[PDB]
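This document opens with one chain alone, in structure tokens, the form deposited without the named molecule.
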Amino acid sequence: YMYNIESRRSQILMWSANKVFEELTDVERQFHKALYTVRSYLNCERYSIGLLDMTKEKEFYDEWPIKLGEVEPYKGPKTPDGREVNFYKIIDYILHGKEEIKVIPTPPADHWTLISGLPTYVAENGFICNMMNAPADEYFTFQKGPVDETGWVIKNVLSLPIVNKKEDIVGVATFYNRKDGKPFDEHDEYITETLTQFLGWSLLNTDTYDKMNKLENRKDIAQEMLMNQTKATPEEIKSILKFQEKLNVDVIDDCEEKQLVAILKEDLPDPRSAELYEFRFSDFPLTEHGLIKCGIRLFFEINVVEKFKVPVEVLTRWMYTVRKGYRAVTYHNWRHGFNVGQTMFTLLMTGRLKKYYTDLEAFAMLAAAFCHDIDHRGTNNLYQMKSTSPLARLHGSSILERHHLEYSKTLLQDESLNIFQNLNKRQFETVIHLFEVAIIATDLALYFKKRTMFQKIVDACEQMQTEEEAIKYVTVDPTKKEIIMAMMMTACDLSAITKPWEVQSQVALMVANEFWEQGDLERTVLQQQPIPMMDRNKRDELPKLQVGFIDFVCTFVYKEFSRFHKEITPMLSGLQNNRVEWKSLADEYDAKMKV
């Protein structure tokens, strides 16, 4: 018996555990699964469970008539926490005859469980009540005869509260006839009280289920609200895609796609005129809207929009929403994103690196290059680590680059923005793989780690007697292509070092200002002394530190690319020029320290 009741108890625990750990569901669904799965271990001819209404406070418009005195105050049963005893749902598990599961939403007081006050008294008090010979009790008007014309008569009742950890009651479980006809004993009280304590702890899983559904709905709303704020409005599209002003349609893009292609190809600037091919390209004369138009031109110039039938309006709006996704930070704004995308296009075309890449590798490479620092907050990964920003808890390593990948994929998920509509599933999988390969490549660390592998590839290819052998040797293995891609993304990310001195000068002042603002945040909020790179007081130390940046980081990748392709020779040459300039400034600072 003792062994039997303990094995029964533990299997109650195990099946209720299994059914709450099958999936997160609401109170009704979890107790339905747990109770129905424990139907064989609850030795009851019937039992039921009424869940109380959980609205502890009421809305002000329902409290108005009481405070106004138009309606008399509710006098009568109240839960110990002070709520009204209102059962919003009952689930009856009839098992003595035909097994049936009657769900009664909003049971009236006519319900055969509620005609007696005992659930109401348990909600009023939270007492565990065992009652025998129901017709003999005078205080509770339990039925003396058949209750549902089936000859089933209530003989014993065991009513228990289910209690949330706050001591607020959530429901009343009423266990009826004991089968054996004996009254409830302390052993069966022990079994039922164990069940009800487990159910009260299992209320945590419903709590969480509601919490996460609220968090999910709030996240989806916040993402859709962000998508509304971020997506280009149709006016922002019309500012580029001037279909109205020339096709005279003015209402809908009902014109054929060839008309949009013509109207865009005439509106986008020529890449020869705006230096979009050269390494020496500078974005300072252009406005950011002109950078959007140049980026759409760059997608045209690789001859991929026409080949895969990329819709012109979709491309234009994905390039405008990409521009809007960058923050207004001092250096990691949209301008740096476009400079990386233009450097990528220059590597593909002028660097002659396209020989190793198909057109669905250049298309994805350029689309990933434009998005590699989208929504940059203005702080390195160290600030994320130290401040413990939600990014640093969401993304463990390469925090911002993973954020930029996740956001670029979220932009591509919307059909209204997806430039990859008319691709096959396997082509879309390829493009997504190369999106990850190109966006997570941009962290400098990974670059430092994989310099050796890229060097081994370039050294092996330098010995090759003919171009065709080197191209075949690269294109046979996917991994060698991925390494070349990652180092192309890193070389584009650092490309400002290779720009002429005027550009390098200004852009380095912008980088230094962003790092000084980051270090002012570190000093003010974290109460830490910043690194001298991030200390404003070491402004005069900036030029010599910049020299240390040139000969440690960039010069390797640009020497390896200049060995790999002769057409990338001038890019390193600009880096060398910039090294000389900063070195002269460091010597002037040395003269300041010399006196």
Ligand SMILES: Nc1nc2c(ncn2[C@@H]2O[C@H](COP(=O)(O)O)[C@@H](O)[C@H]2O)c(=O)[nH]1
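Residue numbers run from 1 along the displayed sequence. Note that the rigid core is defined as the largest set of C-alphas that superpose within 1.5 Å between two forms.
Below, we turn to the form deposited with the named molecule bound, even though it does not appear here.
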Inset, instruction - Report open or blocked for the site once the named molecule, placed as found in the entry with it bound, has been superimposed by the C-alphas surrounding the pocket (blocked: 3 or more ligand atoms within 2.4 Å of a backbone or C-beta atom; open: none). - result: open
Inset, instruction - Work out which of the listed stretches, 509-517, 219-227, 148-156, 204-212, brings a heavy atom within 4.5 angstroms of the named molecule in the entry with it bound. - result: 509-517
Legend entry - Whether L444, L494 and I497 all lie within 4.5 angstroms of the named molecule in the entry with it bound by heavy atom: yes
Legend entry - in the entry with it bound, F198 touching the named molecule (heavy atom, 4.5 Å): no
Legend entry - Proximity of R317 to the named molecule in the entry with it bound, heavy atoms at 4.5 Å: no
Legend entry - Residue contact check: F556 to the named molecule in the entry with it bound, 4.5 Å heavy atom: no
Legend entry - Contact of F549 with the named molecule in the entry with it bound (heavy atom, 4.5 Å): yes
Inset, instruction - Name the single residue among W112, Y473, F184, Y331 that comes within 4.5 Å of the named molecule in the entry with it bound, judging by heavy atoms. - result: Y331
Inset, instruction - Have a look at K293, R323, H336, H403 for me and say which one sits with a heavy atom within 4.5 Å of the named molecule in the entry with it bound. - result: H336
Legend entry - Single mover in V511, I483, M132, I237, with Cα shift of 2 Å or more between this form and the one not shown when the core is superposed: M132
